[PDB]
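Residue numbers (this note's numbering): 348 to 440.
Just so you know, even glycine gets a beta-carbon here, dropped at the ideal spot from N, CA and C.
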């Protein structure tokens with residue numbers, strides 16, 4: 348059975364106006380800004396942007412890739428697909 352989300356989990360993350368996007372749950376570094384309650388730090392592959400999202404917008408990558416893991420015209424998307432498949436836990440700083 349599923350656990351709660353934890354840092355390192357791979358997802359497609361949904362934001363308004365954008366397709367479901369390859370992403371991961373990030374760690375929060377010591378000294379770094381914490382997310383609001385009930386929110387997770389989401390690092391978006393390809394764009395390398397961070398947003399704070401709740402579970403309603405988080406789709407586990409393995410279950411969802413057949414539906415959401417197809418090339419898309421949007422800036423950063425295809426790079427993001429390579430990242431999540433090939434080095435999802437790397438430093439992208």
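Around the Cβ of residue 383, a 10 Å sphere holds fewer than 16 other Cβ atoms; the residue is exposed.
Taking a 10 Å sphere around the C-beta of residue 404, we find 16 or more other C-beta atoms and assign the residue as buried.
Here residue 372 carries a strand assignment [DSSP, helix/strand/coil]. For residue 387, no alpha helix (DSSP H) segment is defined; the enclosing uninterrupted segment is the beta strand (DSSP E) at 387-391.
Per DSSP, residue 352 lies in no alpha helix (DSSP H) and is assigned neither H nor E. Under the criterion of beta carbons closer than 8 Å, residue 397 and residue 388 qualify as touching, at roughly 6 Å.
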